[PDB]
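Participant: sequence unknown, structure follows:
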Ligand SMILES: CC(C)=CC(=O)SCCNC(=O)CCNC(=O)[C@H](O)C(C)(C)COP(=O)(O)OP(=O)(O)OC[C@@H]1O[C@H](n2cnc3c(N)ncnc32)[C@@H](O)[C@@H]1OP(=O)(O)O
Ligand SMILES: CC(C)=CC(=O)SCCNC(=O)CCNC(=O)[C@H](O)C(C)(C)COP(=O)(O)OP(=O)(O)OC[C@@H]1O[C@H](n2cnc3c(N)ncnc32)[C@@H](O)[C@@H]1OP(=O)(O)O
Ligand SMILES: CC(C)=CC(=O)SCCNC(=O)CCNC(=O)[C@H](O)C(C)(C)COP(=O)(O)OP(=O)(O)OC[C@@H]1O[C@H](n2cnc3c(N)ncnc32)[C@@H](O)[C@@H]1OP(=O)(O)O
Ligand SMILES: O=CCCCC[C@@H]1SC[C@@H]2NC(=O)N[C@@H]21
Ligand SMILES: O=CCCCC[C@@H]1SC[C@@H]2NC(=O)N[C@@H]21
Ligand SMILES: O=CCCCC[C@@H]1SC[C@@H]2NC(=O)N[C@@H]21
């Protein structure tokens, strides 16, 4: 626990930070993106949020499109199973 | 302060409602406006035995009658006649 | 044995004297002007706004207050003239809010109601100041606070004067939380659609009452939500009586309409389990021996003439009985004991220029009143402290200061009434607004400023001419006259009572004929809180 | 056994990244601008005024402060930017007054010195507000007050904003008397000619020191005396050191010149018989593990980008040791325990939009800190409260409110630092200026307003267009655009940190590199007063 | 102005409905059973013992209590069923002691009298328990204690049960000394022989009264003329009671109330309808608002948060002019109900209003979604809020009380001033049927882990003992035999019992309430 | 408790266990899902600290 090992063991599926508008999407219907690559940028409040790839696998589908409203904690990028 | 308080009260006479605007004068009298007519009213309640009586003057005319307030009805008993007025019940 | 006979103050004025007639005429004109202006302010925001408000099924704020309080009980409205010509082109009748003290279920409470007809209930800076003053009064006197919330939040223009600072909007929530922590009940009645600022008020209140359809509590309105998130949603769905009562749980009571909400509010107050107890002794109340309307002739409207404050005292005290203290020492100041509506009071009035003897006498009287736990009443007709080389040698500053120190440290209830001029350090000495009196009132003829206009122009002129001569510059005599004439006008405009009451500085202008009633109501309200011990600082001897 | 190893916060930033370089460049430019403006303000009133002041034999106010405090001790100046461009054509460097906290004879004291070079020491409204803020700080922290009185009284123009109201000039004397009554020492050093307002200050002070010739205390100056009565008298005769020390008795000590007066002031502070005692536990102080100057690159100057507040915490805490509380619940808010200069502190920082979970977590942490009597530190980077139909259904307003009540009712020392945006009710939730933090500071890149400029224009536009459509009026699309563009500019101008500090809204802007030192000094000063018990209101569960 | 017209709670039940008739019949049978059992208990220790006691010239304990209290004043006896079938073959009517609250010389006092007819006044463990509970009640409410003493001392068999532990006899003396220190008066009348070392009970008392011949503190003549232990000498029982009344008068005590008071008004509906409304079957559900409407002054109730968490009912009312905050159960507890209860408790504590709990709880809602939303967190806040409250608290169990719901609604462990149960109540950790399923599943799974096989028939056989045992423990007479739940009360007398209890509890001043951390 | 520490996998806080939940309402749920360190730390918020094992 001192070496921060438990800090690494944390993972979760992509989700919308809050309810707001999706300004643009960096992930197409089928694309290969490494983890950390931006998927979409969302502006629900005064700030702006960029979504990073939770995993390096190819994106299966894009649930939302630009100008759409995304509910809180809702999936945006579907990742193909590996 | 610097204003005269006017109270809007509704009294049901028979089957028709009546709206009265009462103004609380500084001298203690009341000015009631019913429809387009105004009346200057003053009086007090004095109890004889177990019966409460209302002595009042309306536009300079004074009269006395026994006053009974039971449930939502007001009973005014006098030699000239008896009057029943119903206070509207809030919904 | 309380029946020993006692001499009574006051004398019968000469009605036939021309001076009395002129003073009466001037005071009557001033009072008529005040009454007509108050009527226009009471008219409300406007005809179209009132029509829309009635069409939405809601009650007008004054009707709400009338139905809320006990039948026939007097209502003490505060700061009716707030915002009077304060802004250049915008009219804000009453500051957009209504505040006062009335009796609800036999309990004296402070009522704050938003006037939705004025700018849709938006909060101007004067509105925030008025609400803060009302909250401070309630906290000091330990009065329950009732909020009739119907507002559109802070006025978006002029946001800098409403949002950021300490005495800005957040102080409202701060005071609400503090008073709730101190067992002073907070009750919020959401009688209409609130906003982000309005929404927090019901949340912090101990008990909430929300109307079924008109009441809507949303932390951000539909337009605000769209501007932020963009989530289109109806007002009722985002915030509504049914939602808040059933799912959100913010609402504590559900009301069908305005009358039902007021009835529910009366019930909550009944359940407060509060009993008022008095510390001061009480005696049967007796009316003064002279009519109050003679004050018009006695005082008049000209500040140059001087009138004996003993007449004013004799026309506002119970039975016109007054026990003067140190009558022949420092006679420019009048102090003594009397009773108003059975309440003991210590009266401190001005009869001329303040001197060292007057300051010492006032300090002694204030110490006595604080020791005996007696409320203090200040009558201000001050025009200054005598100043001169000999007066400075005596220590007029020192003497003046020690009065001021005592007044500040006093913990007894303090009520200040300005019946005439109030200038310079005399305002501070006689319990000015800066020294936290429980209430402050002014008569229509009062003038308040740092100094008289003529004196101020002379002081500026001497400094500029002397400064120019030392600099080697030349100051023209005509230039000095040109600077002085505007100064006299500026001081007159600022001194006018209406200008002072437009800012929240005064709890309100009052007709002199109603002074006794206003003082009685104020003292009855202020006696709710217990009287604490008084601790004094160093007295500079 | 206090030696078990504990993990340390913070990480090494990537210096080579272009984002770091750009942020560092922007922050360096902002800090250089701030430093140059502070230098110009420190220059003083002007060259001619400074020359005259030196020719009269007096010391410049900054020299007075330097000689008064202990040798080498740091000085924490407050509100250096007060009055910066506040008035259209008049320049008031520093507001005309100097306030700060320094150590005199081993005791932390609040020092208030008038700058005679600025308008002859006349009191502008901002000067009164600054002095009142300093007095309030001293009263809250129980710090002795030292006044270096050299003033010409209230500015005769703009008298309405300085004399009448509660927070106007009289509040100075009120606070002086109250703090004297509460055993907080008041010391007045009359270093120059005072006036009617200035004269009262030495009178109310417990101890006075007046210079032999420069010092002159008169309740009314020679010009004022002539205006009021016409009496001609020299300044020294009317008020002077010899007169006040001998015949008058107002002066308590007689000083030959400025240096002698400062030496006497130091001696008087020594004789205070005061010892500082701490309630909180203490531990040896350790420096943070990372350089402070990296904060420039980490934070930058663009509010759109987001940075982890944990970096800021790691660069300002002792040893970069942080114990996070509820790390995975409401992760947009960061709370935990740390120590600054050995003082325990509870840190509450913003990492994103506030939600219900964040509000509940903050309320829990505040309750814990109040129970354990631990000082609280707030880092504000708030952008507002989450708004939405689902959020309203949950009770986001309810959740937000409980935080507001918890923050308001807290009695522990509280310090707020605004490192980024502060808008809406988020400002109130995170211990805004209205909730009485002991100190408040902002970084040069902060922006404070009711809402972002673009959002505000949209909210006004929707109301006007919808209102017009309901009225049957027509609102042109071009008119809506014309209204919105000015709004973005107005919000930007008001939000700028310099505008906020011109008003006393904040205690002053601080270089991010000095945040640790400023916080340490502030907490050391605030620990003088004992920590009282905390009483909470109803928590709306 | 207190004249505003207010709506009244309650509705007229349908007398003709068969359900009402059946419920009324069952409740009437239960009440008749309770009355007959109470009569038999009141009979006393026995005929021969009573004859001997009368032959010695002494008065029976109930006669002593009747003569001690003011004429006609009601007497609130406590724990009449203590020791009912508690021991296998020994009968201990009333636990061997009599405790109650009555008015002596216009002052409410707690009276503890030993019944010499039961085992010669020896102290059974239940007796010690009863006496400790009475002393605790008196200390909490600041009531003077009067100890008529006729004790034979500790029962020598069962000595371990009555002598060593803190909750054993020693505490009786400790409480007496502490009450004296706090100025709560302690008065002891030795109306009977103290053969054992019970001499300490009068010695620690502030004032003693000893009868001339019956009372031995070892000789009455020694103790009265030489030992001086005696502060008063009485010729017989009547003289001793008269002296006790005089001693109480000279206490120099005046009762003062903190809460506001209003004129008392009777409820708008008869109390006997509660029999039909509630019945005796716990499976059926009844609206607690009826019970509230039949026991409050004028049937006036101000509901708080009516539509939020409707399974719990909260509001303000007045009983005999005393303000009260009523918290009743109308169903399963949920998160909203817990939050609403916490809010109401905070309000009542802030306003210094006594609290009344009506328990009909069946447990806390359990489920994965409920666990996700912190039912555990919420249930706890309600429980803490209840524990930290300092206002007087009275709990009445009108139905089932199981699981953590008992703790949440001011159970016996949370120190209510008084606790009562109706004859149809049931109390236990969980329903008997539910408990049977839980044990069988754990054993079957444990066998599967070890490779053992659990027979289906064996699991069902294991369940049958659990079902029968749970019912016997839940019976009200089982809980009343132990000193838990004070005594059982007829539902028709609920209003009178609550009024007496609140009047007694209002003697002590109401202190400020300090709350712990609220786990928001 | 003022402060809670729950182990990642061994620690499980449920107001009613799986067998108890089934007995009361006949609902089937795993022990970790009904009550677990991750759930209590992240969604229910009952847990105040998250620990990997006993030593942590
Ligand atoms: C606390 C913190 C920390 C933050 C906040 O609080 S941020 C709050 C943001 N506010 C809102 O989000 C409310 C937006 N209003 C509305 O949603 C409605 O309007 C209502 C609810 C107000 C009801 O009013 P309504 O709609 O029934 O009538 P209307 O005539 O339209 O009412 C008057 C018209 O409002 C215009 N108007 C001007 N200034 C404002 C203002 N500040 N707020 C509202 N309205 C304003 C006025 O100029 C015009 O009339 P005029 O001047 O043209 O004659
Ligand atoms: C509390 C209550 C209840 C009441 C009061 O307090 S009522 C107080 C009345 N004040 C006095 O009675 C002091 C009158 N001053 C003087 O007696 C002197 O002046 C001194 C003492 C100030 C020393 O100053 P000094 O004489 O050594 O130099 P000077 O350059 O002349 O100093 C600057 C010049 O003063 C002009 N100036 C503008 N406004 C004021 C102002 N308000 N007070 C003083 N001076 C002012 C400035 O405009 C010009 O310079 P500028 O702006 O033209 O460049
Ligand atoms: C506090 C500390 C720290 C220590 C102590 O306190 S150590 C106390 C030691 N006790 C004595 O020293 C008193 C010894 N009694 C006697 O001196 C008398 O008896 C009296 C005074 C009790 C009057 O009673 P009595 O004499 O008038 O009538 P009796 O019928 O005889 O009364 C019933 C009969 O007493 C039997 N019996 C059974 N158990 C006891 C018991 N524990 N105490 C007394 N009697 C008991 C009962 O079984 C039988 O009747 P039964 O059950 O056979 O039908
Ligand atoms: O009303 C006129 C005031 C006279 C101005 C004199 C100034 S004001 C404050 C101070 N007190 C005095 O008597 N003189 C000065
Ligand atoms: O900084 C931008 C504010 C975002 C809008 C949020 C609104 S504005 C006022 C109100 N108070 C809040 O905290 N949120 C809403
Ligand atoms: O009355 C039946 C009890 C069923 C629910 C209660 C179960 S058993 C005890 C435990 N405590 C609770 O809070 N719920 C469970």
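Facilitator: Yep, that arrived. Numbering: from 1, shown residues only, chains lettered A, B, ... in the order given. Ligands and ions are numbered 1, 2, ... in the order given.
Participant: tally of neighbours for residue 7?
Facilitator: Just going to use chain A. By the other C-beta atoms under 10 Å in any protein chain shown criterion, the neighbourhood of residue A:7 contains 11 residues. (Each C-beta comes from the backbone N, C-alpha and C, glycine too.)
Participant: That was the other one, I meant chain C.
Facilitator: The local packing of residue C:7 (other C-beta under 10 Å) involves 8 other residues.
Participant: so is it in a helix, a strand, or just coil?
Facilitator: Using DSSP: H, G, I helix; E, B strand; the rest coil as the criterion, the local structure at residue C:7 reads coil.
Participant: show me what contacts it?
Facilitator: When contacts are counted by C-beta atoms under 8 Å, 6 or more residues apart in numbering or on different chains, residue C:7 touches no other residue.
Participant: any idea how far it is from residue A:81?
Facilitator: Separation of residue C:7 from residue A:81 (C-beta to C-beta, to the nearest Å) stands at 105 Å.
Participant: give me the element residue C:52 is part of.
Facilitator: Taking DSSP states H and E as the criterion, the element that holds residue C:52 is helix C:47-55.
Participant: Not counting sequence-adjacent ones, nearest residue to the closest residue to chain D within chain A?
Facilitator: When scored by C-beta to the nearest C-beta, chain A has residue A:46 as its residue closest to chain D, at 4.0 Å. Nearest non-adjacent residue to residue A:46, counting by C-beta to C-beta, 6 or more residues apart in numbering or on different chains: residue D:383, 4.0 Å away.
Participant: what about that neighbour, is that helix, strand or coil?
Facilitator: Per three-state DSSP, the local secondary structure of residue D:383 is coil.
Participant: still on that earlier bit, do the helix holding residue C:52 and chain B meet at all?
Facilitator: No - Helix C:47-55 lies out of reach of chain B by C-beta under 8 Å from any C-beta of the partner chain, never closer than 12.9 Å.
Participant: so does the helix or strand that comes right after that helix get close to chain B?
Facilitator: Tracing the chain C-terminally past helix C:47-55 and defining elements by DSSP H and E, one meets helix C:61-68 next. Yes - applying C-beta under 8 Å from any C-beta, one finds that helix C:61-68 is in contact with chain B at C:63, C:66.
Participant: Can you tell me which helices and strands the helix or strand just after helix C:61-68 packs against?
Facilitator: The element immediately downstream of helix C:61-68 (helix or strand, assigned by DSSP H and E) is strand C:76-77. In this structure, strand C:76-77 makes packing contacts with strand C:97-104, helix C:515-526, judged by 3 or more C-beta pairs under 8 Å, 6 or more residues apart in numbering or on different chains; DSSP states H and E.
Participant: strand partners of strand C:76-77, parallel vs antiparallel please.
Facilitator: strand C:97-104 (antiparallel) (DSSP bridges).
Participant: Report the angle between the partner strand and helix C:61-68.
Facilitator: With axes from the mean of the first three to the mean of the last three C-alpha atoms, to 10 degrees applied, the angle from strand C:97-104 to helix C:61-68 works out at 10 degrees.
Participant: Quick one: distance of strand C:97-104 to the chain centre.
Facilitator: How far strand C:97-104 lies from its chain's middle: 13 Å, per C-alpha atoms, centre = their mean, to the nearest Å.
Participant: Next, the distance between the ends of stretch B:22-39.
Facilitator: One end of stretch B:22-39 to the other measures 10 Å (C-alpha to C-alpha, to the nearest Å).
Participant: To clarify, my last question referred to stretch A:22-30.
Facilitator: Between the opening and closing residues of stretch A:22-30 lies a distance of 19 Å (C-alpha to C-alpha).
Participant: Give me the contacts around that stretch.
Facilitator: The contact list for stretch A:22-30, computed with C-beta under 8 Å, 6+ apart, reads A:33, A:37-43, A:48, A:53, A:58-62, A:64-70, A:76-77.
Participant: Buried subset of those residues, written for PyMOL?
Facilitator: Those of the contacts of stretch A:22-30 that meet the burial criterion (16 or more other C-beta atoms under 10 Å in any protein chain shown) are gathered into one PyMOL selection, given here:
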select buried, chain A and resi 33+37+39+40+42+43+53+59+62+64+69+70+76+77
